[PDB]
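Spelled out, the chains give:
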Amino acid sequence: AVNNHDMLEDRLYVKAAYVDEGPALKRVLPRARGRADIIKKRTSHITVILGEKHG
Amino acid sequence: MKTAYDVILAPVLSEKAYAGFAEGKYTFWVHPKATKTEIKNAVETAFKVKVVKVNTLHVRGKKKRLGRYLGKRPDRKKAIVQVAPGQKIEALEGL
Amino acid sequence: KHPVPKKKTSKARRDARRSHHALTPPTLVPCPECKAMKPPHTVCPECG
Amino acid sequence: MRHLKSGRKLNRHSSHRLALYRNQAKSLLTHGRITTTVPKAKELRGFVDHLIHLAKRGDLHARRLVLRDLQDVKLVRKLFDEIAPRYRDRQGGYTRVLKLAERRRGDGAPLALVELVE
Amino acid sequence: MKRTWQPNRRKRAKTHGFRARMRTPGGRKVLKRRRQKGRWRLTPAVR
RNA sequence: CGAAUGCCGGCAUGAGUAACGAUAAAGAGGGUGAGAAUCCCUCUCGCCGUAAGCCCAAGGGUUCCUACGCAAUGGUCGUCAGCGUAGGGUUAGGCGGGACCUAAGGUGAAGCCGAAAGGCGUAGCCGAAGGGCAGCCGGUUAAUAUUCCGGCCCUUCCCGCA
Ligand SMILES: [Mg+2]
Ligand SMILES: [Mg+2]
Ligand SMILES: [Mg+2]
Ligand SMILES: [Mg+2]
Ligand SMILES: [Mg+2]
Ligand SMILES: [Mg+2]
Ligand SMILES: [Mg+2]
Ligand SMILES: [Mg+2]
Ligand SMILES: [Mg+2]
Ligand SMILES: [Mg+2]
Ligand SMILES: [Mg+2]
Ligand SMILES: [Mg+2]
Ligand SMILES: [Mg+2]
Ligand SMILES: [Mg+2]
Ligand SMILES: [Mg+2]
Ligand SMILES: [Mg+2]
Ligand SMILES: [Mg+2]
Ligand SMILES: [Mg+2]
Ligand SMILES: [Mg+2]
Ligand SMILES: [Mg+2]
Ligand SMILES: [Mg+2]
Ligand SMILES: [Mg+2]
Ligand SMILES: [Mg+2]
Ligand SMILES: [Mg+2]
Ligand SMILES: [Mg+2]
Ligand SMILES: [Mg+2]
Ligand SMILES: [Mg+2]
Ligand SMILES: [Mg+2]
Ligand SMILES: [Mg+2]
Ligand SMILES: [Mg+2]
Ligand SMILES: [Mg+2]
Ligand SMILES: [Mg+2]
Ligand SMILES: [Mg+2]
Ligand SMILES: [Mg+2]
Ligand SMILES: [Mg+2]
Ligand SMILES: [Mg+2]
Ligand SMILES: [Mg+2]
Ligand SMILES: [Mg+2]
Ligand SMILES: [Mg+2]
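In the PDB archive, X-ray crystallography is given as the structure determination method for this entry, at a resolution of 3.2000 Å.

Take a look at the structure:
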């Protein structure tokens, strides 16, 4: 913000922000009586969007 | 033809290789089919030395991968040779 | 034996389950000497 | 219930939870300040205060007593000769527990400080 | 508990081996098929 | 194409739930590192001890040693690893097996039988954790050692001499 878009740090707030869901990596979890489920270790796309306070 | 220069591939370069220079003992990479007897003459003929004892051992190459491409490096044999006492190989004396 | 759910539970009903799941922010007090922030009745990361 | 039952088991049986307090004490009477979890800390407290108080009594008996737990002649000497003396005009409260503001990770556990007083 | 694969390198070369297959017409036809399908390994690999 | 407990794929629910795999047990100080309950060192505690220690044979196949790494693999974490990359490392006349023997059985000149493919079979040949055959003790490397080195012994073949 400061360093690129010349935003003046002292008045920064968090305008909007959110995490969408990335592609999930699947792995095999061996189970009783030969069974083997699959568990998914997932992925987040985190987004913080900053804007300037008006004071 | 098979000449001596075929039996002898290259010198082995390692701490452990070097560490034997100081006794009579010089170790090369040799062709994998080459027997203790003929390795001797091949080294006599090439470096004009007397050979007294031969030690061979095979070095089976490492499996390596380029990423879905999986194969192995080629297989070797090495000899560590004993020159007659006092003889040297000045060829091999650059450390 | 081996009880099972009878119906996929709805997007409405699982989200309402979660109405309590929301976090609450850490409890924080201004520090005695340094400028910074601290949890109360603890030893300040700066100037303990 | 628990109901006026007092004193902690912390996920240890009798044997191991004894050996715990003994070991904690050995380490406090060595380093003079220590860092553990908030509850392990709060239970140490009295376990040393008595160990200390007995060094303040000074006699051959009170020594032989303290050796049951601390087990080590040298550490005991430090206790009787060089530690208890700072306390002789002090009535109780030879230790202090302050909690640290950060907690472990992969653990989450809150930690505290245990130091001998002054 | 004792299970079905008890690897032994002699048994393997003696049973599924190349000279094995070649001794019996049943087994020459094993090799013929495998060769025709274009198998990479015509015969079990024992070390 | 809406249904076939259809087929292939993808994404949900149960749910932040059950579990995280022997109840032998941990605590602290210090180091390293962007980051440490989980790595390294010290101290204390606990558990194996006809083993949960050490050798050998299978089987496995570089997993060994060391440097640089942490995306994934590791039921957490990881700065660690049996993991990624790379380099190095396995040395024998006497140890094991072969240029020795035969065993079951296999195979097989001779021979015998069977539409064909094949089945049999003497002698021979093959076949071993059996018979036979000469190396003990130390030291050395990050990593091999009855293999290299030190000391003290031995076998067979070839040639010569008595
Ligand atoms: Mg399971
Ligand atoms: Mg199974
Ligand atoms: Mg599912
Ligand atoms: Mg040619
Ligand atoms: Mg050899
Ligand atoms: Mg009860
Ligand atoms: Mg618990
Ligand atoms: Mg007990
Ligand atoms: Mg049995
Ligand atoms: Mg199976
Ligand atoms: Mg075998
Ligand atoms: Mg091919
Ligand atoms: Mg229809
Ligand atoms: Mg429920
Ligand atoms: Mg529950
Ligand atoms: Mg649970
Ligand atoms: Mg457990
Ligand atoms: Mg540091
Ligand atoms: Mg640092
Ligand atoms: Mg015993
Ligand atoms: Mg093996
Ligand atoms: Mg395997
Ligand atoms: Mg590998
Ligand atoms: Mg290792
Ligand atoms: Mg390292
Ligand atoms: Mg990783
Ligand atoms: Mg992980
Ligand atoms: Mg590695
Ligand atoms: Mg033979
Ligand atoms: Mg010969
Ligand atoms: Mg024979
Ligand atoms: Mg036959
Ligand atoms: Mg027969
Ligand atoms: Mg034998
Ligand atoms: Mg034998
Ligand atoms: Mg022998
Ligand atoms: Mg070793
Ligand atoms: Mg020895
Ligand atoms: Mg020797």
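Back to the text.
Enquirer: Give a detailed account of the pattern of salt bridges, specifying residues and quantitative values.
Expert: If the charged atoms of two oppositely charged side chains come close together, the side chains can form a pair. Counted by the stated rule, this structure contains 14 salt bridges over all chains. Across the salt bridge formed by A:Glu21 and A:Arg42, the nearest N and O atoms sit 3.3 Å from each other. Separated by 21 residues along the polypeptide, A:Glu21 in strand β1 (residues 12-21) and A:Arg42 in the loop between β3 (37-41) and β4 (44-52) bring together distant segments of the chain. The salt bridge partner of B:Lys72 is B:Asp75, with a shortest N-O separation of 3.4 Å. You can call B:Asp75 partly exposed: its relative accessible area is 37%. Salt bridges sharing partners connect three or more residues here, namely A:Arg31, A:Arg35 and A:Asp37.

Enquirer: For the sheet that holds strand β2 (residues 25-30) of chain B, give the residues involved together with the corresponding values.
Expert: Pairing between sheet strands relies on hydrogen bonds along the backbone, with the strands arranged either parallel or antiparallel. All names here are of chain B. Taken in spatial order, the four strands make up an open sheet running β1-β2-β6-β3, and their pairing is antiparallel. Across the chains shown, the open sheet's two edge strands, defined by having one partner strand only, are β1 (8-11) and β3 (51-59). On average, adjacent strands in this sheet sit at an angle of 35° to one another, irrespective of strand direction. When β3 meets strand β6 (residues 76-83), the two strands line up antiparallel, connected through eight bridges. Following the sheet pairing, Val51 is matched in β6 by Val83. In the packing of helix α2 (residues 36-47) onto the sheet, the strands contacted are β1, β2, β3 and β6, and the crossing angle to β3 comes to about 115°.

Conventions and cut-offs
Residues numbered from 1 in each chain as written, not as in the entry; some residues may be left out. Chains lettered and ligands numbered in written order. Part of a larger assembly, values for the part shown. Heavy atoms only, no water. Residues with missing side-chain atoms left out of burial classes, pairs and counts. Salt bridge = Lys/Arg side-chain N within 4 Å of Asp/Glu carboxyl O. Helix = DSSP H or I, 4+ residues; strand = E, 2+ residues; numbered from the N terminus. Buried < 20%, exposed > 50% of the residue type's maximum accessible area, 1.4 Å probe, protein only. Pairing = 2+ DSSP bridges. Axes fitted to C-alpha atoms, helices over the stretch in contact; angles between N-to-C directions. Contact = heavy atoms within 4.5 Å.

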